[PDB]
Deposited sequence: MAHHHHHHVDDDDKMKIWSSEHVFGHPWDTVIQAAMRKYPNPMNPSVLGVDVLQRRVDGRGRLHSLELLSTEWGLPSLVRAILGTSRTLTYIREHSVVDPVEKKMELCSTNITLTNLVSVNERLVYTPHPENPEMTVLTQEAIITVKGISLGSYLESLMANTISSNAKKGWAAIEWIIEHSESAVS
């Protein structure tokens, strides 16, 4: 029931970083994301875009269990996103759909402008690994901490690769 947190800062207005994050994947800064399928999009009473997206992934930590497990491959990610342009806030929760029962990994991202005003964006991140059969080990967890921290860091670079286009 562990964590990995972060708070990155992007050097562009909130608008463009959100325009980016909404057309993020697939893209060359993260080739482990095979593609993103938007299953449902709704605007709510408050004017916030709700999307349900299902991602197709590769070498993320539910594949690290295929090591200890024995044999498998493709891992699917449920994602719910809400963007409120009035409140200037983008939220995003994700879970693994397949290769669960073993481990479940819950990420959560929030893009928002810097509280001091510099036309720059700050993203606040966390990942919640829970597992039944809680073996792990600090080594395996460090592996998981490391691979989480890379999709994280590749996700940002994926933004910059988009907003510089």
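Problem - Missing stretches, numbered from 1 on the deposited chain sequence and kept in order - result: Going by the record, the segments left unmodelled (no C-alpha atoms) fall at 1-14, 87, 181-186.
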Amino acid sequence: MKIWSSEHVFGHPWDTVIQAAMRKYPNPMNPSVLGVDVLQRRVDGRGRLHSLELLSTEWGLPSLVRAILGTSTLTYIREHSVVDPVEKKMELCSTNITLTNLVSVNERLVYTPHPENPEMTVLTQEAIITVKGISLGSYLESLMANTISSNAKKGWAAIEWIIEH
From here on, numbers count along this sequence of modelled residues.
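Handout entry: Of 81-89 and 68-76, the one with larger mean CA B-factor
Key = Mean C-alpha B-factor is greater for 68-76.
Practice task
Could you check the entry and say whether 117-125 or 46-54 has the higher mean CA B-factor?
Solution key: Result: 117-125.
Practice task
Can you pull the Cα B-factors for 136, 34, 38, 109 from the entry and say which is highest?
Solution key: Result of the comparison over 136, 34, 38, 109: 136.
Handout entry: Where the record places residue 105 (Cα B-factor, split into thirds across the chain)
Key = Tercile = middle for this residue's CA B-factor.
Exercise for the section: Could you tell me which third, lowest, middle or highest, the C-alpha B-factor of residue 142 occupies within its chain? Expected result: Ranked within chain, residue 142 CA B lands in the lowest tercile.
Exercise for the section: Using the B-factor values recorded in the entry, state whether the Cα atom of residue 63 falls in the lowest, middle or highest third among the modelled residues of its chain. Expected result: Highest third of the chain for residue 63's C-alpha B-factor.
Handout entry: Third assignment of residue 30 from its chain's C-alpha B-factors
Key = It falls in the middle third of the chain.
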